[PDB]
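# A look at the structure
Listed below, chain by chain, are the residues.
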Amino acid sequence: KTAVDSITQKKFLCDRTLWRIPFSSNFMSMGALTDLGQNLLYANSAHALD
Amino acid sequence: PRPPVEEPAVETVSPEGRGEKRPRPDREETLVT
Amino acid sequence: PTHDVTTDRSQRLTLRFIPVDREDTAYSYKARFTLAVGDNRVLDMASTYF
Amino acid sequence: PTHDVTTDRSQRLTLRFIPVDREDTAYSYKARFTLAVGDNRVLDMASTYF
Amino acid sequence: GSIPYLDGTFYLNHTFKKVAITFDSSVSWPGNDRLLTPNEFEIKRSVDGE
Amino acid sequence: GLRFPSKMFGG
Amino acid sequence: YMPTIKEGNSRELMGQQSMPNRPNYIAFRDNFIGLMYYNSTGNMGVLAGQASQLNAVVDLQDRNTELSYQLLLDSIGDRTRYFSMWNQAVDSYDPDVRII
Amino acid sequence: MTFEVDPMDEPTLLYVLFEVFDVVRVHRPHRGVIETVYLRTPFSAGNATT
Amino acid sequence: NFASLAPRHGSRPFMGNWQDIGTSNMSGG
Amino acid sequence: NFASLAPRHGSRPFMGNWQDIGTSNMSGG
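Structure determination for the deposited model, as stated in its record, used cryo-EM, and the stated resolution is 3.2 Å.

Rendered as structure tokens:
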């Protein structure tokens, strides 16, 4: 009944893992050779990554 | 927005709307552009 | 697969739906939405939540 | 010009559009409308404002 | 100690705020209004009002 | 010229 | 000028001298810059038909829609004039104050 | 590009306009259909990666 | 025809100029 | 006819006017 005015801190810990961002058009694994990886074979152009 | 233009295509600037000496005020006669 | 799987237009994955009219009682409340699925889309209601 | 310029039917110049779906965040405000342009009417979006 | 580069014992995953992937300095990835903040991969938010 | 319309109040 | 750090009334507080506060003009910005989320694609607005609901507005973060509207009004109009409905009153310093 | 500026005792930015053709073409084929194609060159916001 | 939608300056329909149909302005271009 | 030296407004050259080639500027007339 004498609790102080408190504020809430939230966080997560996710050990042992790699933050995977798949290079797929729907972020899914429909195959190892993704559809955006084949879209760049037929485009035949170089792009820079930043 | 754009100066007046004749169309002979080629695109030719028209001389209408330019300022002149007039014995009577030019706004009551013409539009001055 | 590359053809006829994923669109290439400006389309969201997750939509934010807001209560059109909220009604509030002393022991309950009420949230009415417009669950608007546009053309050429499908929504599995397992992905919907409050 | 007399004919074929201005209608003779009951039609409003300025319309009033109630929000279908409004939302008040602590950091922003969101208002969703229905911009219903009826048959045989044209709307320049320059005349639209909030 | 343990070498996380070689054994997979990763533990600094929680120290990421956001990720902005821009192919060729103008094309934001995945673009296309995909995500709720579609130009960056917000991994965590300190101040969330929305 | 003679094709310029006459000045009236409000039209 | 506070002559004495002490509180309560004293003779030395007849020498305290008052200065007016600095004038602060708080208002909405010119042409209502900052109300509307432009160029924030997380807060991007929608214009779409109700049948399709596929957004025809494709906004970008390396676009500057506010400055594109500030430079547009200079070209097609007299920017010195004041239009109160769109709060169109251009930010303009005083030329005697900037260059003495 | 290599800019050389006067020094200032404050963190400053550099706002370079890479002038493009930020052009939209708007098609409305049927009632209530609003199709737009956006294209700017050189600094396009869509390539084969998206 | 669409020339009966124009105000008649005299007996002639006051048609607008053909050059006012599109916009061309950019930021110095 | 030197129309490839003119800026193309659309698909046509924005040629000037014939009558603008000279000058008649003079003090008082």
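### Observations regarding the overall build of chain B
The helix and strand tally for chain B stands at one helix and two strands. With the C-alpha coordinates aligned to their principal axes, the bounding extent of chain B is approximately 40 × 20 × 10 Å. Counting only residues that meet the buried cut, chain B has 24% of its 33 residues in that class. Summed over all atoms, the accessible surface of chain B reaches about 2,600 Å², with 52% contributed by carbon and sulfur. Across chain B, the 6 positively charged side chains and the 8 negatively charged ones have centroids separated by 7 Å.

### Describing the packing of aromatic side chains
One pass over the full model with this rule turns up 13 aromatic pairs over all chains. On the numbers, 5.6 Å between centres and 25 degrees between planes, the contact of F23(A) with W29(E) is stacked. Of this pair, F23(A) sits in the segment before α1 (35–43) while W29(E) sits in strand β3 (residues 27–29), on two different chains. For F23(A), a relative accessible area of 25% translates into the label partly exposed. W29(E) sits in the buried class, given a relative accessible area of 3%. A centroid spacing of 5.8 Å and a plane angle of 40 degrees characterise the contact between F33(C) and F50(C), whose relative ring orientation is tilted. Of this pair, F33(C) sits in the segment after β2 (29–32) while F50(C) sits in the segment after β2, and the two are 17 residues apart along the sequence. The partly exposed category is assigned to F33(C), whose relative accessible area is 29%. The rings of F23(A), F27(A), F23(E), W29(E) and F41(E) are connected pair by pair, giving a single aromatic cluster.

### Focus: the interface of chain A and chain E
On the side of chain E, 20 residues touch chain A, which itself brings 19 residues to the contact. Together, the buried faces of chain A and chain E total about 1,600 Å²; carbon and sulfur atoms form 64% of this surface. Joining chain A to chain E, the criterion identifies zero salt bridges. Taken together, the links from chain A to chain E amount to seven residue pairs in polar contact. Of the residues that constitute the side of chain A that touches chain E, the class distribution is 12 nonpolar, four polar and three charged.

### Thoughts on the environment of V13(B)
Mapped onto the fold, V13(B) is located in strand β2 (residues 12–13). Taking relative accessible area as the criterion, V13(B) reaches 16% and is therefore assigned buried. In this view, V13(B) contacts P4(B), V5(B), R18(B), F14(J), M15(J), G16(J) and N17(J); residues no more than four positions away in its chain are not counted.

### So, the nonpolar core
Membership of the largest hydrophobic core is limited to five residues, which are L36(A), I21(E), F23(E), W29(E) and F41(E). The contact partners of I21(E), leaving out residues within four places of it in the chain, are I21(A), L49(A), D50(A), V27(E), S28(E), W29(E) and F41(E).

### Quick notes on the pattern of salt bridges
Where charged atoms from two side chains of opposite charge come close, those side chains can pair. The tally for this structure, following the rule as stated, stands at 19 salt bridges over all chains. Two residues, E20(B) and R22(B), come together in a salt bridge whose shortest N-O distance is 3.9 Å. Overall, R22(B) belongs to the partly exposed group, its relative accessible area being 30%. For the salt bridge of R16(C) with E23(D), the shortest nitrogen-to-oxygen distance reads 2.9 Å. With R16(C) in the segment before β1 (21–24) and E23(D) in strand β1 (residues 21–24), this pair bridges two chains. Salt bridges linked by common partners bring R2(B), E11(B) and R12(J) together as one network.

### Focus on the arrangement of the chains
When the 20 pairs of chains in contact are ranked by number of contacts, first place goes to chains A and E. Regarding chain A and chain B, which are not in contact, the minimum distance between any of their C-alpha atoms is 39 Å. Taking C-alpha atoms as the reference, chain F and chain G come no closer than 22 Å and do not contact one another.

### Overview of the side chain of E23(D)
Overall, the relative accessible area of 12% leaves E23(D) in the buried class. Within the structure, the side chain of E23(D) is placed 2.8 Å from the side chain of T25(D), a separation counted as a polar contact. Setting aside its immediate chain neighbours within four residues, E23(D) contacts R16(C), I18(C), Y29(D) and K30(D).

### Looking at unusual backbone geometry
Residue and element names in this part refer to chain E. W29 connects to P30 through a cis peptide bond whose omega is 0 degrees. Following the sequence through the fold, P30 ends up in the loop between β3 and β4 (41–42). Its identity as a non-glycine residue notwithstanding, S25 has a phi of 70 degrees, on the positive side. Of note, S25 is situated in the loop between β2 (21–23) and β3. Since its relative accessible area comes to 49%, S25 is described here as partly exposed.

### With respect to the environment of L13(C)
Relative to the helices and strands, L13(C) is located in the segment before β1. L13(C) has contacts with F27(A), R34(E) and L35(E), leaving out every residue within four places of it along the chain.

Definitions and limits used
In this document, residue positions are counted from 1 along each chain in sequence order, independent of how the entry numbers them, and residues without coordinates are left out. Lettering of chains starts at A and numbering of ligands starts at 1, both following the order in which they are written. Taken together, the chains in view make up part of a larger assembly, and the values describe this part alone. As a convention, hydrogens and water are excluded, and side-chain values are obtained from all of the structure's heavy atoms. Secondary structure counts use DSSP, requiring at least four H or I residues in a row for a helix and at least two E residues in a row for a strand, with both numbered from the N terminus. Remark: exposure states derive from per-residue accessible area (1.4 Å probe, protein chains only) relative to the maximum for the residue type, with buried under 20%, exposed over 50%, and partly exposed in between. All accessible areas in this document rest on Shrake-Rupley with a 1.4 Å probe, and a residue is counted as covered only by the protein chains that are shown. In this charge count, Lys and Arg are treated as positive and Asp and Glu as negative; neither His nor the chain ends contribute. Charge positions come from single atoms, namely NZ of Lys, CZ of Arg, CG of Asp or CD of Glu. Centres within 6.5 Å are what make two rings of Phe, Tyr or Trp a pair, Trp counting through its six-membered ring; a difference in plane orientation under 30 degrees is then read as stacked, over 60 as edge-to-face, and the rest as tilted. Only heavy atoms matter for contacts: two residues are in contact if any of them lie within 4.5 Å across the pair. Once two parts are brought into contact, the accessible area they lose, counted with a 1.4 Å probe and summed over both, makes up the buried area. Whenever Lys or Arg places a side-chain nitrogen within 4 Å of a carboxyl oxygen from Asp or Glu, that contact is recorded as a salt bridge. Think of a polar contact as two N or O atoms within 3.5 Å of one another; within protein, one of them needs to be a possible hydrogen donor and the other a possible acceptor, and neighboring residues in sequence only count if both atoms come from side chains. Each residue is assigned to one of three groups, with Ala, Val, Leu, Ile, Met, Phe, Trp, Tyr, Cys and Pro labelled nonpolar, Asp, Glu, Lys and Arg labelled charged, and all others, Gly among them, labelled polar. Definition of nonpolar core: a set of buried residues of the types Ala, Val, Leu, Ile, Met, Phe, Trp, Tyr and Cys, connected through side-chain atoms within 4.5 Å.

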